[PDB]
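Visitor: Below is the file input.cif, which contains mmCIF, C-alpha atoms (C1' of nucleotides).
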data_final
loop_
_atom_site.label_atom_id
_atom_site.label_comp_id
_atom_site.auth_asym_id
_atom_site.auth_seq_id
_atom_site.Cartn_x
_atom_site.Cartn_y
_atom_site.Cartn_z
CA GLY A 1136 20.26 3.75 45.12
CA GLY A 1137 18.65 6.89 43.76
CA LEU A 1138 16.23 7.45 40.90
CA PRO A 1139 16.70 3.91 39.47
CA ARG A 1140 15.87 2.50 42.92
CA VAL A 1141 12.63 4.51 43.06
CA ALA A 1142 11.76 3.41 39.52
CA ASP A 1143 12.37 -0.23 40.47
CA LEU A 1144 10.25 0.15 43.61
CA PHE A 1145 7.30 1.71 41.79
CA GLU A 1146 7.41 -0.87 38.97
CA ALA A 1147 7.26 -3.79 41.46
CA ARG A 1148 10.32 -5.49 39.98
CA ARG A 1149 11.13 -8.79 41.67
CA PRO A 1150 14.63 -9.10 43.17
CA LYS A 1151 16.90 -11.72 41.64
CA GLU A 1152 17.25 -13.46 45.04
CA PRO A 1153 13.77 -13.62 46.60
CA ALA A 1154 13.60 -14.62 50.25
CA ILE A 1155 11.58 -17.77 50.90
CA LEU A 1156 8.56 -17.14 53.14
CA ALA A 1157 6.25 -19.37 55.17
CA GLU A 1158 3.22 -19.93 52.94
CA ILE A 1159 1.22 -21.35 55.87
CA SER A 1160 1.74 -22.24 59.52
CA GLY A 1161 2.95 -25.71 60.41
CA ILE A 1162 5.99 -27.75 61.37
CA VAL A 1163 8.70 -27.70 58.71
CA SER A 1164 10.50 -30.83 57.52
CA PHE A 1165 12.88 -32.01 54.81
CA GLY A 1166 11.55 -34.41 52.20
CA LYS A 1167 12.76 -35.94 48.94
CA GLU A 1168 15.97 -35.14 47.06
CA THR A 1169 16.64 -34.45 43.38
CA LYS A 1170 19.50 -33.06 41.27
CA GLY A 1171 19.14 -29.57 42.76
CA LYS A 1172 15.91 -29.72 44.77
CA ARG A 1173 15.55 -29.68 48.57
CA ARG A 1174 11.98 -30.40 49.62
CA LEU A 1175 10.20 -28.38 52.32
CA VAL A 1176 7.37 -30.73 53.31
CA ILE A 1177 5.44 -28.97 56.08
CA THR A 1178 3.00 -30.62 58.48
"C1'" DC B 1 -32.65 73.40 -17.68
"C1'" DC B 2 -37.11 69.42 -18.44
"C1'" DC B 3 -37.84 66.76 -22.84
"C1'" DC B 4 -38.50 63.68 -27.42
"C1'" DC B 5 -34.62 62.93 -31.45
"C1'" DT B 6 -30.59 61.89 -34.01
"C1'" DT B 7 -26.55 59.49 -36.99
"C1'" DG B 8 -21.82 58.04 -36.13
"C1'" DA B 9 -19.94 54.39 -34.41
"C1'" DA B 10 -17.46 51.96 -30.08
"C1'" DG B 11 -17.60 47.94 -28.18
"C1'" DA B 12 -20.31 44.10 -26.41
"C1'" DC B 13 -21.09 39.05 -26.17
"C1'" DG B 14 -21.15 35.49 -27.86
"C1'" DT B 15 -20.00 31.72 -31.46
"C1'" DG B 16 -19.58 27.44 -33.28
"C1'" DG B 17 -17.25 27.92 -38.08
"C1'" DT B 18 -12.66 27.14 -38.45
"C1'" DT B 19 -8.45 25.51 -36.55
"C1'" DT B 20 -4.90 24.38 -33.54
"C1'" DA B 21 -3.52 21.66 -29.48
"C1'" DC B 22 -3.69 18.63 -25.64
"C1'" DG B 23 -4.08 13.79 -24.20
"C1'" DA B 24 -4.77 9.09 -25.27
"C1'" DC B 25 -4.89 5.05 -27.90
"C1'" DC B 26 -3.03 2.10 -31.34
"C1'" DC B 27 1.73 -0.96 -34.35
"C1'" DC B 28 6.79 -1.94 -34.31
"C1'" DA B 29 9.45 -9.81 -37.33
"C1'" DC B 30 22.09 1.47 23.62
"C1'" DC B 31 18.92 -0.15 27.20
"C1'" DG B 32 16.79 -3.02 30.50
"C1'" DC B 33 12.65 -4.76 30.25
"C1'" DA B 34 9.18 -8.68 29.84
"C1'" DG B 35 6.48 -12.28 27.22
"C1'" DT B 36 7.30 -16.26 23.81
"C1'" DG B 37 8.83 -20.66 22.48
"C1'" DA B 38 10.52 -24.68 21.97
"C1'" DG B 39 13.17 -27.96 24.19
"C1'" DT B 40 14.81 -30.35 26.32
"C1'" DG B 41 14.97 -34.15 30.10
"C1'" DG B 42 12.11 -36.51 33.18
#
Turn this file's structure into structure tokens for me.
Guide:
Amino acid sequence: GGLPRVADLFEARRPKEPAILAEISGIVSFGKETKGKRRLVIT
DNA sequence: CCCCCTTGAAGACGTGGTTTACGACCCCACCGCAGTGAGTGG
């Protein structure tokens, strides 16, 4: 946007839909299951 | 125009006697934001 966008950028406001990132190198895999949880077990 | 009086009184400063007056005390049968907290359910 404009001024609100700059204000958001300088205040380090987290977006409502953060993108998942690779915390560490390794082969990804799917693990257990829950009501709304999809595991990301990584070797 | 220096000097000591006179001589009559005008005011000058208390002053606490005399006398008000103040102050107080007594009775009255929007805006989005983020941190907090329970509050679960598990």
Visitor: Would you kindly report the residues of chain B within 12 Å of chain A, using all atoms listed in the file, as a list in words?
Guide: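 Result: residues 32, 33, 34 and 42 of chain B.
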Visitor: Which residues match the PyMOL selection byres ((chain A and resi 1147-1159) around 12) in the file above, as a list in words?
Guide: residues 1139, 1140, 1141, 1142, 1143, 1144, 1145, 1146, 1160, 1161, 1162, 1163, 1175, 1176, 1177 and 1178 of chain A; 32, 33 and 34 of chain B
Visitor: Please produce an output containing C-alpha atoms (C1' of nucleotides) for each residue in the selection, written as a PDB file, in the frame of the given file.
Guide:
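part_28.pdb, written as the output of this step:
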ATOM      1  CA  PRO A1139      16.700   3.910  39.470  1.00  0.00           C
ATOM      2  CA  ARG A1140      15.870   2.500  42.920  1.00  0.00           C
ATOM      3  CA  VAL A1141      12.630   4.510  43.060  1.00  0.00           C
ATOM      4  CA  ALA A1142      11.760   3.410  39.520  1.00  0.00           C
ATOM      5  CA  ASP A1143      12.370  -0.230  40.470  1.00  0.00           C
ATOM      6  CA  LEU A1144      10.250   0.150  43.610  1.00  0.00           C
ATOM      7  CA  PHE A1145       7.300   1.710  41.790  1.00  0.00           C
ATOM      8  CA  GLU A1146       7.410  -0.870  38.970  1.00  0.00           C
ATOM      9  CA  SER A1160       1.740 -22.240  59.520  1.00  0.00           C
ATOM     10  CA  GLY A1161       2.950 -25.710  60.410  1.00  0.00           C
ATOM     11  CA  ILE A1162       5.990 -27.750  61.370  1.00  0.00           C
ATOM     12  CA  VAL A1163       8.700 -27.700  58.710  1.00  0.00           C
ATOM     13  CA  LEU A1175      10.200 -28.380  52.320  1.00  0.00           C
ATOM     14  CA  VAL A1176       7.370 -30.730  53.310  1.00  0.00           C
ATOM     15  CA  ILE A1177       5.440 -28.970  56.080  1.00  0.00           C
ATOM     16  CA  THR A1178       3.000 -30.620  58.480  1.00  0.00           C
TER      17      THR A1178
ATOM     18  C1'  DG B  32      16.790  -3.020  30.500  1.00  0.00           C
ATOM     19  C1'  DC B  33      12.650  -4.760  30.250  1.00  0.00           C
ATOM     20  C1'  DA B  34       9.180  -8.680  29.840  1.00  0.00           C
TER      21       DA B  34
END
Visitor: What is the distance between CA of residue 1138 in chain A and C1' of residue 31 in chain B, in Å to one decimal?
Guide: 15.9 Å
